[PDB]
Amino acid sequence: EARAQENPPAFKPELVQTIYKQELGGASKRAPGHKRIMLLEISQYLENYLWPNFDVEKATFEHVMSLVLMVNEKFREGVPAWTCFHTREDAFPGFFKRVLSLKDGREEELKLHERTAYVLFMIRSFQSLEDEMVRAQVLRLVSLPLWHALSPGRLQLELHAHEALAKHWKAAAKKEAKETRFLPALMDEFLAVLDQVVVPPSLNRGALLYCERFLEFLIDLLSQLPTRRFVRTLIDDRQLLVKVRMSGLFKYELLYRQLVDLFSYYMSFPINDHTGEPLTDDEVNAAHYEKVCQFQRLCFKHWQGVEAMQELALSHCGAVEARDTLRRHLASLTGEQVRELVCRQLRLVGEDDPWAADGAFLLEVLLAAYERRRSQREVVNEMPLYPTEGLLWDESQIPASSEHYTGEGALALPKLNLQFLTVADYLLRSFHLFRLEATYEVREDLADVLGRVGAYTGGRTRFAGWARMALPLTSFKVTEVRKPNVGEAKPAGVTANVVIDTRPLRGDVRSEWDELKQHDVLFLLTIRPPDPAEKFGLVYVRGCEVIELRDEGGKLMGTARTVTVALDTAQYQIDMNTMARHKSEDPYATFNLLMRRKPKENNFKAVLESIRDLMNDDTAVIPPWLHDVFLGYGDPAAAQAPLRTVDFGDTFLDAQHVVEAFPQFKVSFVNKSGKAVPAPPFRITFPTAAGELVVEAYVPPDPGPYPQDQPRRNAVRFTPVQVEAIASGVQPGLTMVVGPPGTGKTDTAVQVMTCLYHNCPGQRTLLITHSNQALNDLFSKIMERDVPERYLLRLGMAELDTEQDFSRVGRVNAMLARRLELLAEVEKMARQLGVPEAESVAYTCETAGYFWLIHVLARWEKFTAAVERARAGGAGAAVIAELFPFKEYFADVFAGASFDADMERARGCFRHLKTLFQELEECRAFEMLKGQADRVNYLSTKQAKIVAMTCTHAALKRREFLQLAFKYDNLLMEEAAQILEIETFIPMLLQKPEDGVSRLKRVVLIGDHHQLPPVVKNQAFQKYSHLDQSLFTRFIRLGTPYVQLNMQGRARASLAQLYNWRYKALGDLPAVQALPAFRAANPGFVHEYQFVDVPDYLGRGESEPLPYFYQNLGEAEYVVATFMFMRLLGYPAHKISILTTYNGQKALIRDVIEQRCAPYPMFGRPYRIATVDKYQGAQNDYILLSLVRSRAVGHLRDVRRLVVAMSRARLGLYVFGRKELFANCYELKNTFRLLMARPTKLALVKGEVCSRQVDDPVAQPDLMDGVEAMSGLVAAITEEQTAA
Amino acid sequence: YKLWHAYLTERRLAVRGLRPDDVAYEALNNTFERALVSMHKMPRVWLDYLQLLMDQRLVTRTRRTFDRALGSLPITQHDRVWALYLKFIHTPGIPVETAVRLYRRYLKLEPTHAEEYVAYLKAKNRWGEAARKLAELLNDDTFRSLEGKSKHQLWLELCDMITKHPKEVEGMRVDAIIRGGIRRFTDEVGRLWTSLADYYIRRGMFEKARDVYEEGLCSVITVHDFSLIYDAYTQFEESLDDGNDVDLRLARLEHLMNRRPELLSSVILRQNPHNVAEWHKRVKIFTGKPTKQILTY
């Protein structure tokens, strides 16, 4: 309202100064307050006042501090944090320069915590280098001249190891003749700040948080290849990790220690400095052996006066390659001898380094520099899959405050925004994210169940209560301890027998106890009541996987029931070795409870095992033209061996339509369709002037004499965007489809699968989804085109809701029934051909193949060669009907008109018989594999031409699929924006490599990066690690070219424009503009869309009866009154549904619906009373949205949730919430501004329909101005309706 | 079926004597297919047609017929078929690849036929698959040999198959497997060290064999193992810049000859870590280097 005044106030710095002199952190030593920041940033403090008027002649410490805290709070909330500076960057560089000195301020000049916020802003900058204006700021600090921060000998050895760099180095000097040490000065200041902490009456939390933030910044720096490229040697010479190990802040018995562990895992990662490739193990061995050899040579040449050193030099590398040998050859040296060795002979430290004068520090540096360390693959292979109590409660890794992760702290979790070092790093980070996210929910399950246990004292433990999720174990003892595999240093297998009691079964709990199956995850927890870890004295918690339940006869298939469960053999071996060395207890007998959980929510450990096997697989079996795309680095170069000529078939209904679809493509219609005008199908050829496409018409080879045997057709007049999407899917490569709401993704995807089945009968389609309903729709569209149900199948772990069953048992049933029918048909064919022993040819499946050759084919060849001789004679052509040898079979033919016509009819009937025999030979598998599971394996492994499943099922089934010899060439996937990264990358390696290169040729991923993302139980992992960002969205973020579906065909355009602005040129289809079903307004309301204000209700607005349970009784009452008025108008209640952005609104709405309307015969119930994210992909005619929140805007401010909850309506939407609350947020304003274009009071017509959306209504439109008037209206209206 | 038996027997008796490329062969085969139209569950006539098609030598026709017959009969009678089609794998002129794939199909239903497989690989000089399957069955500890070979017997077999075919196993982890077997073989530790050393030698990685013998001398427990391993090391030095290198050969041989009493004393004490009289003699071994005697005290 101030910027829209006729005379806007001139920008003034006095107000900013006043703000600084208070609610702003600057002047303080403490960091700026978060509530105030939220009030300020959400007030657009940066985008409207700070950034628009910021100048060098006006900049100071306070302005940069406000901007940095605002950028931090903007990144903490997941909103755009760069667009304001990108709009006006003329001043963006200079501030950045003054930023560096702000970080390079000496101690006591500017606030410490302010410098931590400065470090955080610099980390966000180094992690947002994809922006060009930020790129011009990160270049000069991340370039080659950064080596000018190195010691002289450092750069000398650097030019000596790779000589070809030195040339460019001189060029830099040349470039100078006509910033580099920012990170280096920061690192020295970091070492000094760290040294300012007392190792062992307490130091400032500022220093600890500073070290932790600096470790997080270095972690983001060395997790990204391009910036680490030259910062690696800089940090190595900086010896920062060596100090970080023997620091005082480290030995302080935690966040800094874990982040230093991350830095140690990152700085020795096997990635090449210039080549960018992963280094093999032989390269690592050569590098370690080379440096060690050099050190030995130096000792021989510089340490000839010290016997021990000479002996060490004389010994081979492998003898002195360990840490023991390193500690065993130094402590004999004087401080001058250590300095001569380390600074002059080995050059690990410059002579001018301030630390080069300290003996112990130098020795520590020497020890860190020289040690044989195990590889990353070994480290991963020595990892457990399930945690113990050390991770279950630690919010430093696995979160407590993580549900409430404000963005304010660092966290020791690796985060990747655009790429990674290589593939293995991404695999480790994704597996760790999955584990640490499942860890919080496991903590919740254990906490709730063992709280329900009511464990109390007795040196025993007695249970005042019981838990359906946890039963006390009565016996527990490990019986199976296998020997290690060669090379492996841990058990090959650990199983234990665990027997527990049914106790009070209650005809349900006992049944549940039996629900254990193989691989199901249970946990043995040992607790010691002292009176949650403090509450019930829980000490140890180790998980296991039940392999089988043991019956009363000792075979791995009263009230005492026992199970064999395989525990984590690696963690078990660790605990065993620690017991043997440190006299610790054996927790393998101290467990006294066993707890299991839900089948759907216990997929973590198996996915960890699959990610581990992927981390151990020999080669990057991915197509090399996709490793770089998945890596985020390099040009994508995966778009559409381009096949010039491909058969589009049933794509276009008319020849003219195909030309119409593509504006830039010329039409050269070769009409072979037998009709005057062009007709489907059609063939399209693409050139390699050159904007011309050659179209050759084709005629489908006759499938025989039966007219119903004609193949089906696609009927959708696919627009140029859908045509281009199908075309990109039809050629090899990566196809990225961004499909808007109701733009026809399923149709184009099913057409892509059909064109794949048609153009290449030898290739198969792998279909991977996020949900089972998506597979249902895909199969419903697949059955609508000519695609054999014998060649499609869908795998899953449910309701069969289509007409046909694409499940494996459905394939077994189809194969068996069609086998019985086919044999009978063959028998009928024999008998009619006068063949003796007609039962013997059809009796055996193999025999039918001999009958095809001897009796069918040899009759067809005699027929063709007789018809050709007759045609030559000049006799009547009816001769086809005279000579046709299968007349009695096809009694349930020839026209005699033309030679080619009868020849084609004969060829078609012969191809029909050939198809019958081929289906017999194809079903021979069910006569060769008896068991239904064997038949399912045979169908997926040999026959199936489209194998469909979900992401979770694909993750669970990757191992068994690669085992059972599964093969598939091209893969299509929907919901590509809702599948977690590992879940969408996983389906690429469900099969082994062929000749060493991938057999994958087409990768089609369709989704909406503007829609809701994947689900995360823990809200901290999204705040800190951004794990909900899908792989498809990341690819599109890098710059993956995508076809944008720009034609909505399921919702009203006046309703569609509420969210179509988030897409590119997403418009409306012909029917949405022309069909009267879209131009019909809503009865009982003048307008087909309106925003409904909700003021306070008896002093109450948004309320929270419980912790985090935000509802709104007033807006719920208003929505219920609206639905009741509609159900009094006679509207079909199940065609109207209520959604909410908080579950509390749905719960209160259900309570009020069940209290006030429930027992009515005139009033129905909604279709669904659910959540915005719990309505993804679903739709109705009428949508009623509850915007309960009134104090905090809430996660409805997200553009994705906004688009989702704005495009859930087809005809009518009623959104009820605090309008001023939603208007104050800019990110949703583009939608909210639309809602302000109409009245905010409920406009009804209680007497009305056939009215138009725009035309004037012919009755008096009434206005309800508040929920109380709505309630009075609904009461009086229902009362007048009840007496009638 | 007995009528069909007479028919098939008369047909196979009547076409007996004609050339393989006669019409009569295809005719009798078609009559057999017409019989299997009725008798898919008949193992007798199935093996009859299979042996007859073997007498035809039609690799692909007999292949399709075997694939169809094994699936058409229950499991409990495919044994009478295996000893048939297995013999076909022994027939020449067909691909070894099809034999390998059919062996992979067989040994996944009855693995106790493992050694036969191994023999065929030894019968083909395909050591890279023989040693592979041998190391496989050397860790499938439940496996029970058909010829009565010990796990140590097949272990020595795989040791020899790696050492003599050091080039042929490219793609496998010989070093780690032999090491972990030295953690599973308690009677031939010096033998295993020397064998892995020779396997590293025959690949030109002399330094790897030297480190192997080093970790062997540092890992041995008994006097026989260190004796044999250091004898191998002395022979390796004796066998393995011309004048300088021959003199370095002489110098390292003199080294190891001065060393053999040293190390043999070491393992004499490895046998009896508290045998004080042998400690007396080993102390006397170190006269002239009193530092050594103080260390040994």
# chains A, B, ... in the order shown; residues from 1 in each chain; ligands from 1
>>> interface_residues(of="chain B", to="chain A", cutoff="8 Å", atoms="only C-alpha atoms", output="MDAnalysis selection string")
chainID B and resid 30 33:40 68 70:72 139 176:181 211
>>> write_last_selection(atoms="N, CA, C and O atoms", output="compact mmCIF listing (two decimals), in the first residue's frame")
# COMPACT_ATOMS: atom_id res chain seq x y z
N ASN B 30 8.14 -86.70 -37.16
CA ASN B 30 6.78 -86.18 -37.13
C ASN B 30 5.82 -87.17 -36.49
O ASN B 30 4.90 -86.76 -35.78
N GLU B 33 6.35 -86.79 -32.83
CA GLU B 33 5.67 -85.59 -32.35
C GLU B 33 4.17 -85.80 -32.25
O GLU B 33 3.52 -85.33 -31.31
N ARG B 34 3.59 -86.52 -33.22
CA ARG B 34 2.17 -86.86 -33.15
C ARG B 34 1.88 -87.77 -31.96
O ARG B 34 0.78 -87.73 -31.39
N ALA B 35 2.84 -88.62 -31.60
CA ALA B 35 2.68 -89.46 -30.41
C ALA B 35 2.77 -88.63 -29.13
O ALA B 35 2.01 -88.84 -28.19
N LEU B 36 3.72 -87.69 -29.08
CA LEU B 36 3.84 -86.83 -27.91
C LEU B 36 2.68 -85.86 -27.79
O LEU B 36 2.46 -85.29 -26.71
N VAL B 37 1.93 -85.65 -28.87
CA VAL B 37 0.64 -84.97 -28.77
C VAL B 37 -0.23 -85.65 -27.71
O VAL B 37 -0.93 -84.98 -26.94
N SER B 38 -0.21 -86.98 -27.68
CA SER B 38 -0.95 -87.73 -26.68
C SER B 38 -0.17 -87.94 -25.39
O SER B 38 -0.77 -87.93 -24.31
N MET B 39 1.15 -88.12 -25.48
CA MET B 39 1.93 -88.66 -24.38
C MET B 39 3.00 -87.69 -23.90
O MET B 39 4.18 -88.05 -23.81
N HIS B 40 2.61 -86.45 -23.62
CA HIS B 40 3.54 -85.49 -23.01
C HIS B 40 4.08 -85.99 -21.68
O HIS B 40 5.20 -85.66 -21.30
N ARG B 68 11.65 -78.92 -24.56
CA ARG B 68 10.22 -79.19 -24.46
C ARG B 68 9.92 -80.43 -23.62
O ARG B 68 8.90 -80.47 -22.92
N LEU B 70 11.83 -81.92 -21.09
CA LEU B 70 12.10 -81.73 -19.67
C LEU B 70 10.96 -80.99 -18.98
O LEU B 70 10.61 -81.32 -17.84
N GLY B 71 10.37 -80.01 -19.66
CA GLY B 71 9.25 -79.28 -19.10
C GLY B 71 7.92 -79.99 -19.17
O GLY B 71 7.01 -79.65 -18.41
N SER B 72 7.79 -80.99 -20.04
CA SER B 72 6.53 -81.71 -20.21
C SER B 72 6.34 -82.86 -19.24
O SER B 72 5.20 -83.33 -19.09
N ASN B 139 33.48 -72.14 -0.91
CA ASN B 139 32.86 -71.33 0.13
C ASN B 139 31.42 -71.72 0.39
O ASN B 139 30.88 -71.33 1.43
N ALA B 176 43.00 -62.29 -1.97
CA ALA B 176 42.18 -62.31 -0.77
C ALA B 176 41.67 -63.71 -0.46
O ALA B 176 41.59 -64.09 0.71
N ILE B 177 41.34 -64.48 -1.50
CA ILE B 177 40.81 -65.82 -1.30
C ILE B 177 41.88 -66.73 -0.71
O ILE B 177 41.63 -67.49 0.24
N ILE B 178 43.09 -66.67 -1.26
CA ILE B 178 44.19 -67.48 -0.74
C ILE B 178 44.54 -67.06 0.68
O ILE B 178 44.86 -67.90 1.53
N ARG B 179 44.47 -65.76 0.97
CA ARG B 179 44.73 -65.30 2.34
C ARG B 179 43.69 -65.84 3.31
O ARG B 179 44.06 -66.41 4.35
N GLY B 180 42.41 -65.68 3.00
CA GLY B 180 41.37 -66.17 3.90
C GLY B 180 41.38 -67.68 4.03
O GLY B 180 40.95 -68.23 5.04
N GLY B 181 41.85 -68.38 2.99
CA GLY B 181 42.05 -69.81 3.10
C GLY B 181 43.22 -70.16 4.00
O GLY B 181 43.22 -71.19 4.67
N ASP B 211 56.82 -59.21 -0.92
CA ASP B 211 55.96 -58.82 0.20
C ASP B 211 55.15 -60.00 0.72
O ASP B 211 54.88 -60.10 1.92
>>> residues_around(residues="region 115-120 of chain B", least_positions_apart="4", cutoff="12 Å", atoms="only C-alpha atoms", output="JSON, numbers by chain")
{"B": [86, 87, 89, 90, 91, 96, 99, 100, 101, 102, 103, 104, 105, 106, 107, 110, 111, 124, 125, 126, 127, 128, 129, 130, 131, 132, 133, 134, 135, 136, 137, 138, 143, 144, 145, 146, 147, 148, 149, 150, 153, 154, 157, 158, 161]}
>>> write_last_selection(atoms="N, CA and C atoms", output="short mmCIF file (atom, residue, chain, number, x, y, z; two decimals), in the first residue's frame")
data_model
loop_
_atom_site.label_atom_id
_atom_site.label_comp_id
_atom_site.auth_asym_id
_atom_site.auth_seq_id
_atom_site.Cartn_x
_atom_site.Cartn_y
_atom_site.Cartn_z
N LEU B 86 22.97 -84.95 -20.78
CA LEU B 86 24.33 -84.73 -20.31
C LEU B 86 25.34 -85.36 -21.27
N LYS B 87 25.08 -86.60 -21.69
CA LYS B 87 25.96 -87.25 -22.65
C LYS B 87 26.04 -86.45 -23.95
N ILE B 89 26.11 -83.22 -24.14
CA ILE B 89 27.13 -82.20 -23.91
C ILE B 89 28.52 -82.76 -24.17
N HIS B 90 28.69 -84.07 -23.94
CA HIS B 90 29.95 -84.74 -24.26
C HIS B 90 30.09 -85.04 -25.74
N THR B 91 29.03 -84.88 -26.53
CA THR B 91 29.12 -85.12 -27.96
C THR B 91 29.84 -83.96 -28.64
N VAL B 96 30.54 -75.31 -27.05
CA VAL B 96 30.83 -75.41 -25.62
C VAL B 96 29.95 -74.44 -24.83
N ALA B 99 26.74 -76.06 -23.90
CA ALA B 99 27.05 -77.01 -22.83
C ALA B 99 27.17 -76.30 -21.49
N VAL B 100 27.85 -75.15 -21.47
CA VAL B 100 28.04 -74.41 -20.22
C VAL B 100 26.70 -73.91 -19.69
N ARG B 101 25.86 -73.38 -20.58
CA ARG B 101 24.56 -72.88 -20.15
C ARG B 101 23.65 -74.00 -19.65
N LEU B 102 23.68 -75.16 -20.32
CA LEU B 102 22.88 -76.29 -19.86
C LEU B 102 23.42 -76.85 -18.55
N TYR B 103 24.74 -76.79 -18.36
CA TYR B 103 25.32 -77.18 -17.07
C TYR B 103 24.89 -76.21 -15.97
N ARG B 104 24.80 -74.92 -16.29
CA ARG B 104 24.31 -73.95 -15.32
C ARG B 104 22.83 -74.16 -15.01
N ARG B 105 22.06 -74.67 -15.97
CA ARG B 105 20.68 -75.07 -15.71
C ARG B 105 20.58 -76.34 -14.87
N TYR B 106 21.49 -77.30 -15.09
CA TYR B 106 21.44 -78.56 -14.35
C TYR B 106 21.88 -78.37 -12.91
N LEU B 107 23.07 -77.79 -12.70
CA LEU B 107 23.66 -77.67 -11.37
C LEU B 107 22.92 -76.69 -10.47
N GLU B 110 20.33 -79.84 -9.02
CA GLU B 110 21.05 -80.85 -8.24
C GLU B 110 22.53 -80.47 -8.26
N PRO B 111 22.97 -79.65 -7.30
CA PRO B 111 24.35 -79.15 -7.34
C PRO B 111 25.40 -80.21 -7.10
N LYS B 124 38.55 -78.75 -21.21
CA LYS B 124 38.45 -77.75 -22.26
C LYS B 124 39.54 -76.69 -22.17
N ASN B 125 40.38 -76.74 -21.13
CA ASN B 125 41.38 -75.71 -20.86
C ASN B 125 40.73 -74.34 -20.66
N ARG B 126 39.52 -74.35 -20.11
CA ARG B 126 38.84 -73.12 -19.72
C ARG B 126 39.03 -72.91 -18.22
N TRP B 127 40.28 -72.67 -17.81
CA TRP B 127 40.61 -72.63 -16.38
C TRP B 127 39.93 -71.46 -15.68
N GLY B 128 39.64 -70.38 -16.41
CA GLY B 128 39.02 -69.21 -15.81
C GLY B 128 37.61 -69.44 -15.33
N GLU B 129 36.96 -70.52 -15.78
CA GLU B 129 35.66 -70.91 -15.26
C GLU B 129 35.77 -72.08 -14.29
N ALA B 130 36.72 -72.98 -14.53
CA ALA B 130 36.96 -74.10 -13.62
C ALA B 130 37.35 -73.60 -12.23
N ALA B 131 38.39 -72.77 -12.17
CA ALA B 131 38.81 -72.20 -10.90
C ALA B 131 37.71 -71.34 -10.28
N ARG B 132 36.93 -70.66 -11.11
CA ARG B 132 35.84 -69.83 -10.59
C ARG B 132 34.81 -70.68 -9.85
N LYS B 133 34.29 -71.73 -10.51
CA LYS B 133 33.32 -72.60 -9.86
C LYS B 133 33.93 -73.35 -8.68
N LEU B 134 35.23 -73.65 -8.75
CA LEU B 134 35.89 -74.33 -7.64
C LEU B 134 35.95 -73.44 -6.41
N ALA B 135 36.29 -72.16 -6.60
CA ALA B 135 36.27 -71.22 -5.48
C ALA B 135 34.86 -70.98 -4.99
N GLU B 136 33.88 -71.03 -5.90
CA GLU B 136 32.48 -70.96 -5.49
C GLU B 136 32.14 -72.10 -4.53
N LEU B 137 32.37 -73.34 -4.96
CA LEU B 137 32.03 -74.49 -4.13
C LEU B 137 32.97 -74.63 -2.94
N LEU B 138 34.08 -73.89 -2.93
CA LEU B 138 34.98 -73.88 -1.79
C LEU B 138 34.50 -72.97 -0.67
N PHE B 143 28.45 -78.01 0.68
CA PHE B 143 28.63 -78.92 -0.45
C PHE B 143 29.40 -80.16 -0.03
N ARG B 144 28.97 -81.32 -0.54
CA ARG B 144 29.55 -82.61 -0.20
C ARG B 144 29.99 -83.30 -1.47
N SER B 145 31.30 -83.45 -1.64
CA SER B 145 31.86 -83.93 -2.90
C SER B 145 31.29 -85.28 -3.28
N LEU B 146 31.14 -85.50 -4.59
CA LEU B 146 30.67 -86.78 -5.11
C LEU B 146 31.79 -87.80 -5.22
N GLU B 147 33.02 -87.35 -5.48
CA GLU B 147 34.17 -88.23 -5.56
C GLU B 147 34.87 -88.42 -4.23
N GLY B 148 34.35 -87.84 -3.15
CA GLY B 148 34.97 -87.96 -1.85
C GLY B 148 36.15 -87.06 -1.62
N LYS B 149 36.32 -86.03 -2.45
CA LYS B 149 37.42 -85.09 -2.27
C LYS B 149 37.20 -84.25 -1.02
N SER B 150 38.30 -83.93 -0.33
CA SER B 150 38.22 -83.03 0.80
C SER B 150 38.09 -81.59 0.34
N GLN B 153 41.25 -80.86 -0.49
CA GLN B 153 41.66 -81.41 -1.78
C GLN B 153 41.29 -80.47 -2.92
N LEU B 154 40.02 -80.07 -2.99
CA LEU B 154 39.62 -79.06 -3.96
C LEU B 154 40.33 -77.74 -3.70
N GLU B 157 43.58 -78.09 -5.33
CA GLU B 157 43.26 -78.00 -6.75
C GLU B 157 43.14 -76.54 -7.20
N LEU B 158 42.39 -75.73 -6.45
CA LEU B 158 42.20 -74.34 -6.83
C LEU B 158 43.48 -73.54 -6.67
N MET B 161 45.35 -74.37 -9.69
CA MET B 161 44.68 -73.85 -10.87
C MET B 161 44.84 -72.34 -10.97
#
>>> select_by_dssp(residues="region 138-204 of chain B", states="alpha helix (DSSP H)", output="PyMOL selection string")
chain B and resi 151-163+174-182+189-201
>>> atom_distance(atom1="CA of residue 785 (chain A)", atom2="CA of residue 638 (chain A)")
29.3 Å
>>> closest_atom_pairs(of="region 367-391 of chain A", to="region 563-581 of chain A", cutoff="8 Å", atoms="only C-alpha atoms", output="tab-separated table")
residue	atom	partner	partner_atom	distance
A:382	CA	A:570	CA	6.7
A:383	CA	A:570	CA	6.9
A:384	CA	A:571	CA	5.6
A:385	CA	A:568	CA	7.0
A:386	CA	A:568	CA	7.1
>>> write_last_selection(atoms="N, CA and C atoms", output="PDB file, in the first residue's frame")
ATOM      1  N   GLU A 382      32.076 -52.125   5.743  1.00  0.00           N
ATOM      2  CA  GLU A 382      32.198 -52.387   7.169  1.00  0.00           C
ATOM      3  C   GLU A 382      31.135 -51.663   7.987  1.00  0.00           C
ATOM      4  N   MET A 383      30.086 -51.167   7.341  1.00  0.00           N
ATOM      5  CA  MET A 383      29.050 -50.407   8.029  1.00  0.00           C
ATOM      6  C   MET A 383      27.887 -51.318   8.406  1.00  0.00           C
ATOM      7  N   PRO A 384      27.255 -51.103   9.557  1.00  0.00           N
ATOM      8  CA  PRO A 384      25.987 -51.786   9.831  1.00  0.00           C
ATOM      9  C   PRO A 384      24.853 -51.165   9.031  1.00  0.00           C
ATOM     10  N   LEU A 385      23.743 -51.893   8.950  1.00  0.00           N
ATOM     11  CA  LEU A 385      22.527 -51.378   8.336  1.00  0.00           C
ATOM     12  C   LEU A 385      21.541 -50.819   9.355  1.00  0.00           C
ATOM     13  N   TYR A 386      21.660 -51.204  10.628  1.00  0.00           N
ATOM     14  CA  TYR A 386      20.730 -50.784  11.663  1.00  0.00           C
ATOM     15  C   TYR A 386      21.476 -50.153  12.834  1.00  0.00           C
TER      16      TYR A 386
END
>>> closest_residue(among="A:240, A:99, A:469, A:411", to="residue 254 (chain A)", atoms="only C-alpha atoms")
A:411
>>> residues_around(residues="residue 1089 (chain A)", least_positions_apart="3", cutoff="8 Å", atoms="only C-alpha atoms", output="PyMOL selection string")
chain A and resi 1055+1212-1214
>>> select_by_dssp(residues="region 557-780 of chain A", states="strand (DSSP E or B)", output="PyMOL selection string")
chain A and resi 560-567+593-596+645-649+666-670+682-685+692-697+733-738+765-769
>>> residues_around(residues="residue 1166 (chain A)", least_positions_apart="3", cutoff="8 Å", atoms="only C-alpha atoms", output="PyMOL selection string")
chain A and resi 1123+1133-1138+1169
